[PDB]
Protein chains: 2
Amino acid sequence: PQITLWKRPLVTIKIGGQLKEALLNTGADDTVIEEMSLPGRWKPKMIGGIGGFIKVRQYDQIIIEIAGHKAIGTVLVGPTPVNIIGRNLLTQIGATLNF
Amino acid sequence: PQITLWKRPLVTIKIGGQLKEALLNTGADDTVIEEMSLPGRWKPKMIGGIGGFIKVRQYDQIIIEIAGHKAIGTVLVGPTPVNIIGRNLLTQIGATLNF
Ligand SMILES: [Cl-]
Ligand SMILES: [Cl-]
Ligand SMILES: [Cl-]
Ligand SMILES: [Cl-]
């Protein structure tokens, strides 16, 4: 698809068997999902931006479906106000900015 | 151009006659620039980020060039960690997300 930017670019994702809405975020290095359980090992991490930092759990090798496109990568889980698909997974679905 | 996302989508902007680097950010409603002098009056605005809320200065109708494309619109000024081009100006330059 081609997604215009008049509104927030929200899509449906599937992660850990759950459907969620998430923001396609070219301004995020990483993918950050609101609190949920994921399988396997994790390690703590601090992520930063406007307003400061939050602590998250880093899970590696997690499969997501993003608007029907499957990808795999690291997923961070923590108290983000919005579910975020960041560049580490946007690359895997072939997403580009165009103007 | 068509910009892939393996690295941060940084471009050159021109504002107040000065060249700066800024991040094309589909996860930002608004455009937020680090502390600098801009003409005219400003209004108060609260913005939310990954770490919390911060107060910024809202300057309306500011001339700004983004990757060679001219825009005139609202620029927020405050302690952002990186200069951010948000959707208010991405729409002015004709940017879309594509996959
Ligand atoms: Cl979708
Ligand atoms: Cl925290
Ligand atoms: Cl990854
Ligand atoms: Cl505007």
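Here is the naming used below: chain letters follow the sequence lines, and residue numbers restart at 1 for every chain. Just the heavy atoms: all of them, side chains too, but no hydrogens, waters or symmetry mates, feed the values below.
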task = Following the transitive rule for hydrophobic clusters with a side-chain heavy-atom cut-off under 4.5 Å over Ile, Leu, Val, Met, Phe, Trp and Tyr, establish whether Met36(B) and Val11(B) coincide in one cluster.
result = yes

note = Of all heavy-atom pairs linking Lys55(B) and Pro44(B), the shortest is NZ-CB, 4.0 Å

ask   = With hydrophobic residues grouped by side-chain heavy-atom distances under 4.5 Å, do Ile15(A) and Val32(A) end up in a single group?
value = no

remark   = On a heavy-atom basis, the closest approach of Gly49(B) and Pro81(A) is O-CG, 4.1 Å

Value rounded to 0.5 Å, distance of CD1 in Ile85(B) from CD1 in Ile93(B) = 8.0 Å

remark   = Here the pair of heavy atoms bringing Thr26(A) nearest to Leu23(B) is O-CD1, 4.5 Å

ask   = Are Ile3(A) and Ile3(B) joined in one hydrophobic group, where the rule is that I, L, V, M, F, W and Y side chains link up if heavy atoms are under 4.5 Å apart?
value = yes

ask   = Does the side chain of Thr91(B) reach to within under 4.5 Å of the side chain of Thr4(A), using non-hydrogen atoms?
value = no

task = Please confirm whether the backbone N or O of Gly86(B) pairs with a side-chain atom of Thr31(B), one donor and one acceptor, at under 3.5 Å?
result = yes

key: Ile47(A) CD1 to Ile54(A) CD1 distance, which is reported to the nearest 0.5 Å   = 4.0 Å

inquiry  = Just checking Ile63(A): does its CD1 atom have more than 12 heavy atoms from other residues, nucleotides or ligands closer to it than 6.0 angstrom?
reply    = no

task = Answer yes or no: does atom CZ of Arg57(B) have more than 12 heavy-atom neighbours from other residues, nucleotides or ligands under 6.0 Å?
result = yes

message = For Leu24(A), run the side chain to side chain contact (heavy atoms under 4.5 Å, CB included) check against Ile13(A), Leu10(A), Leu5(A), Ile66(A) and tell me which one passes.
response = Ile66(A)

key: Atom of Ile62(A), atom of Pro39(A) and distance for their closest heavy-atom approach   = CD1-O, 4.1 Å

inquiry  = Salt bridge or not between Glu34(A) and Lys20(A)? Use side-chain N to carboxylate O under 4.0 Å.
reply    = yes

task = State whether the side chain of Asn88(B) and the backbone N or O of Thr74(B) hold a donor-acceptor pair below 3.5 Å, judged by distance alone.
result = yes

key: Residue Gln18(A) excluded, over 12 heavy atoms near CD under 6.0 Å   = yes

key: Atom pair CG/CG of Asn25(B) and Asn25(A) - distance to nearest 0.5 Å   = 5.5 Å

request  = May I ask you to check whether over 12 heavy atoms, not counting those of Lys43(B), lie within 6.0 Å of atom NZ?
outcome  = yes

task = Work out which heavy atom in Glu21(B) is nearest to a heavy atom in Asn83(B); give both atom names and the distance.
result = O-ND2, 3.0 Å

task = Quick one: sort the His69(B) and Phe99(A) rings into parallel, tilted or perpendicular, breaks at 30° and 60°.
result = perpendicular

task = Would you mind reporting whether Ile84(B) and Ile50(A) have side-chain heavy atoms less than 4.5 Å apart?
result = yes

key: Atom pair CD (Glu65(B)) and CG (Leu19(B)), whose distance is rounded to the nearest 0.5 Å   = 8.5 Å

ask   = Are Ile72(B) and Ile64(B) connected, step by step, through hydrophobic side chains (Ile, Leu, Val, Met, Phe, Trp, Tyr) whose heavy atoms are closer than 4.5 Å?
value = no

Donor-acceptor contact present, side-chain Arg87(B) to main-chain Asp29(B), <3.5 Å = no

query = Rounded to the nearest 0.5 Å, what separation is found between the NZ atom of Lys45(A) and the CZ atom of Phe53(A)?
reply = 11.0 Å

Check: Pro79(B) and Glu35(B) side chains under 4.5 Å, non-hydrogen atoms = no

inquiry  = Return the CH2 to CG distance between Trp42(A) and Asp60(A), rounded to the nearest 0.5 Å.
reply    = 12.5 Å

ask   = Which heavy atom in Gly78(A) sits nearest to a heavy atom in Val56(A), and how many Å separate them?
value = CA-CG1, 4.1 Å

